[PDB]
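Containing compact mmCIF, N, CA and C atoms: final04.txt.
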# COMPACT_ATOMS: atom_id res chain seq x y z
N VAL G 1 21.24 -7.31 -24.01
CA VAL G 1 21.98 -8.54 -24.22
C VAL G 1 21.10 -9.74 -23.92
N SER G 2 20.04 -9.51 -23.15
CA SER G 2 19.07 -10.54 -22.81
C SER G 2 17.75 -9.87 -22.48
N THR G 3 16.76 -10.68 -22.15
CA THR G 3 15.46 -10.16 -21.74
C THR G 3 15.56 -9.58 -20.33
N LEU G 4 15.68 -8.25 -20.25
CA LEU G 4 15.79 -7.54 -18.98
C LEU G 4 14.43 -7.56 -18.29
N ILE G 5 14.44 -7.36 -16.98
CA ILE G 5 13.26 -7.71 -16.18
C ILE G 5 12.94 -6.68 -15.08
N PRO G 6 12.35 -5.52 -15.40
CA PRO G 6 11.57 -4.78 -14.38
C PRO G 6 10.05 -4.83 -14.53
N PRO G 7 9.35 -6.01 -14.65
CA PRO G 7 7.89 -5.91 -14.45
C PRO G 7 7.42 -6.37 -13.07
N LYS G 8 8.32 -6.95 -12.30
CA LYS G 8 7.93 -7.79 -11.18
C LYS G 8 8.77 -7.51 -9.95
N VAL G 9 9.27 -6.28 -9.83
CA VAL G 9 10.23 -5.93 -8.80
C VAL G 9 9.44 -5.08 -7.80
N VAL G 10 8.13 -5.34 -7.75
CA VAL G 10 7.21 -4.58 -6.91
C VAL G 10 7.27 -5.03 -5.46
N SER G 11 7.73 -6.26 -5.21
CA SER G 11 7.61 -6.89 -3.89
C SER G 11 8.50 -6.20 -2.86
N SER G 12 9.69 -5.77 -3.26
CA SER G 12 10.57 -5.02 -2.38
C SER G 12 10.65 -3.54 -2.73
N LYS G 13 9.79 -3.08 -3.64
CA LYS G 13 9.73 -1.65 -3.94
C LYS G 13 8.81 -0.92 -2.97
N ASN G 14 7.84 -1.63 -2.39
CA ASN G 14 6.68 -1.00 -1.77
C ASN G 14 6.93 -0.52 -0.34
N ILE G 15 8.17 -0.16 -0.01
CA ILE G 15 8.49 0.45 1.27
C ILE G 15 8.81 1.93 1.13
N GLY G 16 9.65 2.29 0.15
CA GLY G 16 10.27 3.60 0.15
C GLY G 16 9.40 4.74 -0.34
N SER G 17 8.36 4.45 -1.11
CA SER G 17 7.59 5.52 -1.72
C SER G 17 6.66 6.18 -0.71
N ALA G 18 6.19 7.37 -1.07
CA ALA G 18 5.36 8.21 -0.21
C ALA G 18 3.93 7.71 0.05
N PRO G 19 3.18 7.13 -0.89
CA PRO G 19 1.88 6.55 -0.50
C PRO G 19 1.99 5.31 0.37
N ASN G 20 3.17 4.69 0.46
CA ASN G 20 3.36 3.58 1.38
C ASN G 20 3.29 4.05 2.82
N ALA G 21 3.93 5.18 3.13
CA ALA G 21 3.91 5.70 4.49
C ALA G 21 2.51 6.20 4.87
N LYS G 22 1.82 6.84 3.93
CA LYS G 22 0.44 7.24 4.16
C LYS G 22 -0.47 6.03 4.33
N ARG G 23 -0.21 4.97 3.56
CA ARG G 23 -1.02 3.77 3.63
C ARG G 23 -0.84 3.06 4.97
N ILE G 24 0.41 2.93 5.43
CA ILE G 24 0.64 2.29 6.72
C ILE G 24 0.25 3.20 7.87
N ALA G 25 0.10 4.50 7.63
CA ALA G 25 -0.52 5.35 8.63
C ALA G 25 -2.02 5.07 8.73
N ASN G 26 -2.73 5.12 7.61
CA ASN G 26 -4.18 5.16 7.69
C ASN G 26 -4.84 3.79 7.73
N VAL G 27 -4.13 2.69 7.45
CA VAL G 27 -4.71 1.40 7.78
C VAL G 27 -4.67 1.18 9.28
N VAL G 28 -3.74 1.82 9.98
CA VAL G 28 -3.75 1.81 11.43
C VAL G 28 -4.77 2.80 11.95
N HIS G 29 -5.00 3.90 11.22
CA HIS G 29 -5.95 4.91 11.67
C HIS G 29 -7.40 4.44 11.58
N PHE G 30 -7.71 3.44 10.76
CA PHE G 30 -9.10 3.13 10.47
C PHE G 30 -9.72 2.05 11.34
N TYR G 31 -8.93 1.17 11.96
CA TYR G 31 -9.56 0.01 12.60
C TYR G 31 -10.15 0.36 13.96
N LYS G 32 -9.46 1.18 14.75
CA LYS G 32 -9.89 1.46 16.11
C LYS G 32 -10.89 2.60 16.17
N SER G 33 -11.18 3.23 15.04
CA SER G 33 -12.23 4.24 14.97
C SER G 33 -13.59 3.59 15.18
N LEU G 34 -14.36 4.15 16.11
CA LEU G 34 -15.67 3.59 16.44
C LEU G 34 -16.66 3.87 15.30
N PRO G 35 -17.52 2.89 14.95
CA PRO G 35 -18.23 2.94 13.66
C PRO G 35 -19.25 4.06 13.46
N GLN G 36 -20.27 4.14 14.31
CA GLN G 36 -21.43 4.99 14.03
C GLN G 36 -21.85 5.76 15.27
N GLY G 37 -20.88 6.34 15.96
CA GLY G 37 -21.17 7.11 17.15
C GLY G 37 -21.34 6.21 18.36
N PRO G 38 -20.79 5.01 18.29
CA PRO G 38 -20.92 4.05 19.39
C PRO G 38 -20.05 4.45 20.58
N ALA G 39 -20.46 3.95 21.76
CA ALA G 39 -19.84 4.16 23.07
C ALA G 39 -19.69 5.64 23.39
N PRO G 40 -20.73 6.44 23.17
CA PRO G 40 -20.61 7.88 23.45
C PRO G 40 -20.84 8.20 24.92
N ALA G 41 -21.40 7.24 25.65
CA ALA G 41 -21.78 7.35 27.07
C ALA G 41 -22.72 8.54 27.30
N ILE G 42 -23.91 8.43 26.71
CA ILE G 42 -24.88 9.52 26.75
C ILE G 42 -25.60 9.65 28.09
N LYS G 43 -25.43 8.68 28.99
CA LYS G 43 -26.06 8.72 30.30
C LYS G 43 -25.00 8.57 31.37
N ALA G 44 -24.86 9.58 32.22
CA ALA G 44 -23.88 9.56 33.30
C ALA G 44 -24.37 10.46 34.43
N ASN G 45 -24.08 10.07 35.66
CA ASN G 45 -24.50 10.81 36.84
C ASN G 45 -23.47 10.63 37.95
N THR G 46 -22.98 11.75 38.49
CA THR G 46 -22.06 11.74 39.62
C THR G 46 -22.43 12.82 40.63
N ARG G 47 -23.75 13.09 40.75
CA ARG G 47 -24.42 14.10 41.59
C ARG G 47 -24.18 15.53 41.11
N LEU G 48 -23.32 15.70 40.10
CA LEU G 48 -23.14 16.97 39.42
C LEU G 48 -23.05 16.80 37.91
N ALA G 49 -23.14 15.57 37.40
CA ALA G 49 -22.91 15.31 35.98
C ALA G 49 -24.13 15.59 35.12
N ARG G 50 -25.34 15.46 35.68
CA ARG G 50 -26.54 15.79 34.91
C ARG G 50 -26.64 17.29 34.65
N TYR G 51 -26.08 18.10 35.56
CA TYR G 51 -25.93 19.54 35.34
C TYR G 51 -25.08 19.82 34.10
N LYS G 52 -23.96 19.10 33.96
CA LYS G 52 -23.10 19.22 32.79
C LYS G 52 -23.79 18.72 31.52
N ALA G 53 -24.45 17.56 31.60
CA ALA G 53 -25.05 16.96 30.42
C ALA G 53 -26.28 17.73 29.95
N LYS G 54 -26.95 18.44 30.85
CA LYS G 54 -28.10 19.24 30.48
C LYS G 54 -27.69 20.64 30.06
N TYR G 55 -26.57 21.15 30.56
CA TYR G 55 -26.21 22.54 30.37
C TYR G 55 -24.94 22.76 29.57
N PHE G 56 -23.90 21.96 29.79
CA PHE G 56 -22.55 22.31 29.37
C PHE G 56 -22.03 21.42 28.24
N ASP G 57 -22.93 20.86 27.44
CA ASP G 57 -22.54 20.18 26.22
C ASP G 57 -22.53 21.19 25.07
N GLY G 58 -22.12 20.74 23.88
CA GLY G 58 -22.10 21.62 22.73
C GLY G 58 -23.46 21.86 22.11
N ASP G 59 -24.47 21.09 22.52
CA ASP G 59 -25.82 21.27 22.00
C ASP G 59 -26.45 22.54 22.56
N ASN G 60 -26.58 22.63 23.88
CA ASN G 60 -27.14 23.83 24.49
C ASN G 60 -26.09 24.94 24.54
N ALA G 61 -25.01 24.70 25.30
CA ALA G 61 -23.80 25.53 25.36
C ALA G 61 -24.09 26.98 25.74
N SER G 62 -25.13 27.22 26.53
CA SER G 62 -25.50 28.57 26.91
C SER G 62 -24.92 28.93 28.27
N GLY G 63 -24.57 30.21 28.42
CA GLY G 63 -23.96 30.71 29.64
C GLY G 63 -24.91 31.04 30.77
N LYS G 64 -26.21 30.80 30.57
CA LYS G 64 -27.21 31.03 31.62
C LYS G 64 -26.97 30.30 32.95
N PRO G 65 -26.40 29.08 33.02
CA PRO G 65 -25.97 28.56 34.34
C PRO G 65 -24.96 29.43 35.06
N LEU G 66 -24.07 30.12 34.33
CA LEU G 66 -23.24 31.15 34.95
C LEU G 66 -24.10 32.24 35.56
N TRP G 67 -25.16 32.64 34.83
CA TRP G 67 -26.25 33.43 35.38
C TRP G 67 -26.76 32.85 36.69
N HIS G 68 -27.08 31.55 36.68
CA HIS G 68 -27.47 30.86 37.91
C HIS G 68 -26.33 30.87 38.91
N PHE G 69 -25.09 30.70 38.43
CA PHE G 69 -23.92 30.85 39.29
C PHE G 69 -23.82 32.27 39.81
N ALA G 70 -24.10 33.27 38.96
CA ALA G 70 -24.20 34.64 39.43
C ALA G 70 -25.34 34.77 40.42
N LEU G 71 -26.47 34.11 40.11
CA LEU G 71 -27.58 34.04 41.05
C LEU G 71 -27.18 33.32 42.32
N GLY G 72 -26.29 32.32 42.20
CA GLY G 72 -25.74 31.67 43.37
C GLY G 72 -24.95 32.63 44.24
N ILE G 73 -24.20 33.54 43.60
CA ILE G 73 -23.51 34.57 44.37
C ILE G 73 -24.53 35.55 44.93
N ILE G 74 -25.62 35.80 44.19
CA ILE G 74 -26.74 36.55 44.74
C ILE G 74 -27.40 35.74 45.85
N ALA G 75 -27.37 34.41 45.73
CA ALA G 75 -27.74 33.58 46.87
C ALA G 75 -26.68 33.63 47.97
N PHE G 76 -25.40 33.78 47.61
CA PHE G 76 -24.33 33.73 48.61
C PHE G 76 -24.09 35.08 49.28
N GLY G 77 -23.61 36.05 48.49
CA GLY G 77 -23.07 37.27 49.07
C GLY G 77 -24.11 38.15 49.72
N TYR G 78 -25.31 38.21 49.12
CA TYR G 78 -26.44 38.88 49.75
C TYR G 78 -26.80 38.22 51.08
N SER G 79 -26.74 36.89 51.14
CA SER G 79 -26.91 36.21 52.42
C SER G 79 -25.73 36.50 53.34
N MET G 80 -24.54 36.69 52.76
CA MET G 80 -23.41 37.17 53.55
C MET G 80 -23.65 38.60 54.02
N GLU G 81 -24.42 39.38 53.24
CA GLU G 81 -24.96 40.64 53.72
C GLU G 81 -25.77 40.42 54.99
N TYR G 82 -26.65 39.41 54.97
CA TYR G 82 -27.40 39.00 56.15
C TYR G 82 -26.51 38.45 57.25
N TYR G 83 -25.28 38.07 56.94
CA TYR G 83 -24.32 37.65 57.94
C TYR G 83 -23.39 38.78 58.37
N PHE G 84 -23.29 39.86 57.58
CA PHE G 84 -22.39 40.96 57.91
C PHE G 84 -23.13 42.27 58.18
N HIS G 85 -23.95 42.72 57.24
CA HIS G 85 -24.47 44.08 57.30
C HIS G 85 -25.93 44.12 56.87
N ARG Y 59 25.45 -26.52 -64.93
CA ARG Y 59 26.70 -27.20 -65.22
C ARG Y 59 26.92 -27.39 -66.71
N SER Y 60 25.89 -27.85 -67.43
CA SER Y 60 26.01 -28.07 -68.86
C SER Y 60 26.03 -26.77 -69.66
N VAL Y 61 25.73 -25.63 -69.03
CA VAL Y 61 26.01 -24.35 -69.66
C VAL Y 61 27.50 -24.19 -69.90
N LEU Y 62 28.32 -24.46 -68.88
CA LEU Y 62 29.76 -24.48 -69.07
C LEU Y 62 30.14 -25.77 -69.79
N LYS Y 63 30.48 -25.65 -71.07
CA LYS Y 63 30.93 -26.78 -71.87
C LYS Y 63 32.39 -27.12 -71.57
N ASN Y 64 33.06 -26.30 -70.78
CA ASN Y 64 34.47 -26.44 -70.45
C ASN Y 64 34.57 -26.71 -68.95
N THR Y 65 33.80 -27.71 -68.50
CA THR Y 65 33.30 -27.88 -67.14
C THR Y 65 34.38 -27.85 -66.07
N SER Y 66 35.20 -28.90 -65.98
CA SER Y 66 36.54 -28.91 -65.37
C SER Y 66 36.65 -28.55 -63.88
N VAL Y 67 35.64 -27.90 -63.30
CA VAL Y 67 35.65 -27.52 -61.89
C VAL Y 67 34.29 -27.76 -61.25
N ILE Y 68 33.26 -27.97 -62.08
CA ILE Y 68 31.90 -27.99 -61.54
C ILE Y 68 31.66 -29.27 -60.76
N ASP Y 69 32.27 -30.37 -61.20
CA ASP Y 69 32.30 -31.57 -60.38
C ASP Y 69 33.07 -31.33 -59.09
N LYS Y 70 34.18 -30.58 -59.17
CA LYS Y 70 35.00 -30.27 -58.01
C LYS Y 70 34.23 -29.43 -56.99
N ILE Y 71 33.66 -28.31 -57.43
CA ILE Y 71 32.94 -27.46 -56.49
C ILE Y 71 31.60 -28.07 -56.09
N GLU Y 72 31.03 -28.93 -56.93
CA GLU Y 72 29.78 -29.60 -56.58
C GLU Y 72 30.01 -30.62 -55.48
N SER Y 73 31.07 -31.42 -55.60
CA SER Y 73 31.41 -32.34 -54.53
C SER Y 73 32.02 -31.61 -53.34
N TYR Y 74 32.47 -30.37 -53.53
CA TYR Y 74 32.90 -29.55 -52.41
C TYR Y 74 31.70 -29.08 -51.59
N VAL Y 75 30.61 -28.73 -52.27
CA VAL Y 75 29.38 -28.35 -51.57
C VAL Y 75 28.73 -29.57 -50.93
N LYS Y 76 28.66 -30.69 -51.67
CA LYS Y 76 28.14 -31.94 -51.10
C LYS Y 76 29.03 -32.50 -50.01
N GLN Y 77 30.32 -32.14 -50.02
CA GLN Y 77 31.20 -32.46 -48.90
C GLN Y 77 30.78 -31.69 -47.66
N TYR Y 78 30.59 -30.38 -47.80
CA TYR Y 78 30.19 -29.52 -46.70
C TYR Y 78 28.66 -29.40 -46.61
N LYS Y 79 27.94 -30.35 -47.20
CA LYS Y 79 26.49 -30.46 -47.06
C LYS Y 79 26.08 -30.69 -45.60
N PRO Y 80 26.84 -31.48 -44.77
CA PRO Y 80 26.72 -31.27 -43.32
C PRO Y 80 27.53 -30.06 -42.87
N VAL Y 81 26.90 -28.88 -42.92
CA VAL Y 81 27.57 -27.60 -42.69
C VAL Y 81 28.12 -27.50 -41.27
N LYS Y 82 27.22 -27.45 -40.29
CA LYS Y 82 27.50 -27.32 -38.87
C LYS Y 82 26.16 -27.42 -38.15
N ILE Y 83 26.15 -28.07 -36.99
CA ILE Y 83 24.95 -28.16 -36.19
C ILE Y 83 24.69 -26.83 -35.49
N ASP Y 84 23.47 -26.67 -34.99
CA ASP Y 84 23.05 -25.42 -34.36
C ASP Y 84 23.54 -25.30 -32.92
N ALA Y 85 23.02 -24.33 -32.18
CA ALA Y 85 23.45 -24.10 -30.80
C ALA Y 85 22.23 -24.08 -29.89
N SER Y 86 21.79 -25.26 -29.47
CA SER Y 86 20.83 -25.38 -28.37
C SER Y 86 21.56 -25.60 -27.06
N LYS Y 87 22.54 -24.73 -26.79
CA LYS Y 87 23.45 -24.96 -25.67
C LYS Y 87 22.82 -24.55 -24.35
N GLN Y 88 22.07 -23.46 -24.34
CA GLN Y 88 21.45 -22.98 -23.11
C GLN Y 88 20.28 -23.88 -22.73
N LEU Y 89 20.45 -24.60 -21.64
CA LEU Y 89 19.33 -25.19 -20.92
C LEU Y 89 19.53 -25.09 -19.42
N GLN Y 90 20.58 -24.40 -18.96
CA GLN Y 90 20.95 -24.29 -17.56
C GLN Y 90 20.97 -22.86 -17.05
N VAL Y 91 21.50 -21.93 -17.82
CA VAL Y 91 21.49 -20.54 -17.39
C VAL Y 91 20.17 -19.86 -17.77
N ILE Y 92 19.56 -20.26 -18.88
CA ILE Y 92 18.28 -19.70 -19.31
C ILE Y 92 17.17 -20.11 -18.34
N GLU Y 93 17.25 -21.32 -17.79
CA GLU Y 93 16.26 -21.72 -16.81
C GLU Y 93 16.49 -21.01 -15.48
N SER Y 94 17.72 -20.56 -15.22
CA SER Y 94 17.96 -19.73 -14.05
C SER Y 94 17.39 -18.33 -14.23
N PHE Y 95 17.48 -17.78 -15.45
CA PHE Y 95 16.84 -16.49 -15.73
C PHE Y 95 15.33 -16.57 -15.54
N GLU Y 96 14.69 -17.60 -16.10
CA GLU Y 96 13.25 -17.72 -15.89
C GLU Y 96 12.91 -18.20 -14.48
N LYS Y 97 13.88 -18.74 -13.74
CA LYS Y 97 13.66 -19.07 -12.34
C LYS Y 97 13.57 -17.81 -11.50
N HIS Y 98 14.51 -16.87 -11.70
CA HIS Y 98 14.40 -15.56 -11.06
C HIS Y 98 13.15 -14.82 -11.52
N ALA Y 99 12.76 -15.03 -12.79
CA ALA Y 99 11.54 -14.44 -13.31
C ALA Y 99 10.30 -14.94 -12.58
N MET Y 100 10.16 -16.26 -12.48
CA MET Y 100 9.01 -16.83 -11.78
C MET Y 100 9.05 -16.50 -10.29
N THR Y 101 10.26 -16.39 -9.72
CA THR Y 101 10.43 -16.00 -8.32
C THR Y 101 9.86 -14.62 -8.06
N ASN Y 102 10.42 -13.60 -8.72
CA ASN Y 102 9.99 -12.23 -8.49
C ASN Y 102 8.56 -11.99 -8.98
N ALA Y 103 8.14 -12.75 -9.99
CA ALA Y 103 6.78 -12.64 -10.50
C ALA Y 103 5.76 -13.14 -9.49
N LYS Y 104 6.01 -14.31 -8.89
CA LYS Y 104 5.06 -14.82 -7.91
C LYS Y 104 5.11 -14.03 -6.61
N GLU Y 105 6.28 -13.46 -6.27
CA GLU Y 105 6.36 -12.49 -5.17
C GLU Y 105 5.42 -11.31 -5.41
N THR Y 106 5.54 -10.69 -6.58
CA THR Y 106 4.69 -9.56 -6.95
C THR Y 106 3.22 -9.96 -7.00
N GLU Y 107 2.92 -11.12 -7.57
CA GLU Y 107 1.54 -11.55 -7.77
C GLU Y 107 0.85 -11.84 -6.44
N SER Y 108 1.54 -12.54 -5.54
CA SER Y 108 0.98 -12.79 -4.21
C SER Y 108 0.83 -11.50 -3.42
N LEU Y 109 1.79 -10.58 -3.55
CA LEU Y 109 1.70 -9.32 -2.80
C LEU Y 109 0.53 -8.47 -3.30
N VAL Y 110 0.33 -8.40 -4.61
CA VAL Y 110 -0.76 -7.56 -5.11
C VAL Y 110 -2.11 -8.24 -4.90
N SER Y 111 -2.16 -9.58 -4.93
CA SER Y 111 -3.42 -10.27 -4.68
C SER Y 111 -3.81 -10.17 -3.21
N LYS Y 112 -2.83 -10.04 -2.32
CA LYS Y 112 -3.15 -9.72 -0.93
C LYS Y 112 -3.59 -8.27 -0.78
N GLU Y 113 -2.79 -7.34 -1.29
CA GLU Y 113 -3.00 -5.93 -0.99
C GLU Y 113 -4.20 -5.34 -1.70
N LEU Y 114 -4.69 -5.96 -2.78
CA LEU Y 114 -5.93 -5.52 -3.41
C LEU Y 114 -7.11 -5.66 -2.47
N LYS Y 115 -7.30 -6.86 -1.92
CA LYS Y 115 -8.38 -7.07 -0.96
C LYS Y 115 -8.09 -6.37 0.36
N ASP Y 116 -6.81 -6.20 0.71
CA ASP Y 116 -6.45 -5.45 1.91
C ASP Y 116 -6.89 -3.99 1.81

Could you rewrite the structure in this file as structure tokens?
Amino acid sequence: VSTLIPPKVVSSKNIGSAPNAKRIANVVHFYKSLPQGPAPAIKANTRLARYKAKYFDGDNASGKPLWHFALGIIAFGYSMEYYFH
Amino acid sequence: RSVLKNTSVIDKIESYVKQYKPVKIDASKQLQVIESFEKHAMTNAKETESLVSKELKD
């Protein structure tokens, strides 16, 4: 009966659809992400932290300090042998 | 007219047509509701245009 008008009804359409929820998720997801590996805190020491940073990161990740811990029990219990028997 | 040699009505119907030679004026009546239609058009259009011009760069 007249010139009907759905070319411009986008302004209040852009809430209900599914990429709108993904869009408002990931524009929030992107800003607080640190850019290029920044603030990783690669240097730390608390009298036991260099042990962790040298041994217990994902780079080395070897169980040989447990060996040393086992050696520590060889340092401990055998000396407890010297304290008991 | 001169084809009919027994004319008798051609002056009558000719002056009847020349009588109704001002037939009827046209209808340029819409200048108030049509501007409201294009007002809603420009409204929703500039809403859409500003929103997409923001969200493209966003």

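Atom CA of residue G:45 is found 20.3 Å from atom CA of residue G:68.
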
What residues in chain Y have any atom no more than 6 Å from chain G when counting all atoms listed in the file, and can you write them as a PyMOL selection string?
chain Y and resi 102-103+105-106

So how many Å separate atom CA of residue G:31 and atom CA of residue G:53, to one decimal?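 One can read the atom CA of residue G:31 to atom CA of residue G:53 distance as 29.1 Å.
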
Taking only chain Y into account, list the residues labelled helix (DSSP H, G or I) by DSSP (computed from the backbone), as JSON, numbers by chain. {"Y": [68, 69, 70, 71, 72, 73, 74, 75, 76, 77, 91, 92, 93, 94, 95, 96, 97, 98, 99, 100, 101, 102, 103, 104, 105, 106, 107, 108, 109, 110, 111, 112, 113, 114, 115]}

Atom C of residue Y:59 to atom CA of residue Y:72 measures 10.8 Å

Listed atoms of stretch 89-94 of chain Y boxed axis-aligned with 4 Å per side, centre + edges as AutoDock Vina command-line options:
--center_x 18.9 --center_y -21.8 --center_z -17.8 --size_x 13.2 --size_y 14.9 --size_z 15.6

Residue rebuild result stretch 78-91 of chain Y, N, CA, C and O atoms as an mmCIF file, keeping the file's coordinate frame:
data_model
loop_
_atom_site.group_PDB
_atom_site.id
_atom_site.type_symbol
_atom_site.label_atom_id
_atom_site.label_comp_id
_atom_site.auth_asym_id
_atom_site.auth_seq_id
_atom_site.Cartn_x
_atom_site.Cartn_y
_atom_site.Cartn_z
ATOM 1 N N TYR Y 78 30.590 -30.380 -47.800
ATOM 2 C CA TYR Y 78 30.190 -29.520 -46.700
ATOM 3 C C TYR Y 78 28.660 -29.400 -46.610
ATOM 4 O O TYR Y 78 28.148 -28.442 -46.027
ATOM 5 N N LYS Y 79 27.940 -30.350 -47.200
ATOM 6 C CA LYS Y 79 26.490 -30.460 -47.060
ATOM 7 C C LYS Y 79 26.080 -30.690 -45.600
ATOM 8 O O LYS Y 79 25.050 -30.153 -45.175
ATOM 9 N N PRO Y 80 26.840 -31.480 -44.770
ATOM 10 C CA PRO Y 80 26.720 -31.270 -43.320
ATOM 11 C C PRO Y 80 27.530 -30.060 -42.870
ATOM 12 O O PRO Y 80 28.705 -30.185 -42.508
ATOM 13 N N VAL Y 81 26.900 -28.880 -42.920
ATOM 14 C CA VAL Y 81 27.570 -27.600 -42.690
ATOM 15 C C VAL Y 81 28.120 -27.500 -41.270
ATOM 16 O O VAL Y 81 29.343 -27.525 -41.074
ATOM 17 N N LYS Y 82 27.220 -27.450 -40.290
ATOM 18 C CA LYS Y 82 27.500 -27.320 -38.870
ATOM 19 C C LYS Y 82 26.160 -27.420 -38.150
ATOM 20 O O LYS Y 82 25.156 -26.903 -38.640
ATOM 21 N N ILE Y 83 26.150 -28.070 -36.990
ATOM 22 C CA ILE Y 83 24.950 -28.160 -36.190
ATOM 23 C C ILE Y 83 24.690 -26.830 -35.490
ATOM 24 O O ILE Y 83 25.560 -25.953 -35.415
ATOM 25 N N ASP Y 84 23.470 -26.670 -34.990
ATOM 26 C CA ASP Y 84 23.050 -25.420 -34.360
ATOM 27 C C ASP Y 84 23.540 -25.300 -32.920
ATOM 28 O O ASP Y 84 24.389 -26.086 -32.485
ATOM 29 N N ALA Y 85 23.020 -24.330 -32.180
ATOM 30 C CA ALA Y 85 23.450 -24.100 -30.800
ATOM 31 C C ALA Y 85 22.230 -24.080 -29.890
ATOM 32 O O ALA Y 85 21.701 -23.010 -29.582
ATOM 33 N N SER Y 86 21.790 -25.260 -29.470
ATOM 34 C CA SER Y 86 20.830 -25.380 -28.370
ATOM 35 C C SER Y 86 21.560 -25.600 -27.060
ATOM 36 O O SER Y 86 21.267 -26.514 -26.287
ATOM 37 N N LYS Y 87 22.540 -24.730 -26.790
ATOM 38 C CA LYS Y 87 23.450 -24.960 -25.670
ATOM 39 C C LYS Y 87 22.820 -24.550 -24.350
ATOM 40 O O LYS Y 87 23.014 -25.234 -23.339
ATOM 41 N N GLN Y 88 22.070 -23.460 -24.340
ATOM 42 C CA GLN Y 88 21.450 -22.980 -23.110
ATOM 43 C C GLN Y 88 20.280 -23.880 -22.730
ATOM 44 O O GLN Y 88 19.268 -23.970 -23.437
ATOM 45 N N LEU Y 89 20.450 -24.600 -21.640
ATOM 46 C CA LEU Y 89 19.330 -25.190 -20.920
ATOM 47 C C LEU Y 89 19.530 -25.090 -19.420
ATOM 48 O O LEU Y 89 18.727 -25.642 -18.664
ATOM 49 N N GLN Y 90 20.580 -24.400 -18.960
ATOM 50 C CA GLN Y 90 20.950 -24.290 -17.560
ATOM 51 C C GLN Y 90 20.970 -22.860 -17.050
ATOM 52 O O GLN Y 90 20.506 -22.600 -15.934
ATOM 53 N N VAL Y 91 21.500 -21.930 -17.820
ATOM 54 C CA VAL Y 91 21.490 -20.540 -17.390
ATOM 55 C C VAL Y 91 20.170 -19.860 -17.770
ATOM 56 O O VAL Y 91 19.672 -19.022 -16.999
#
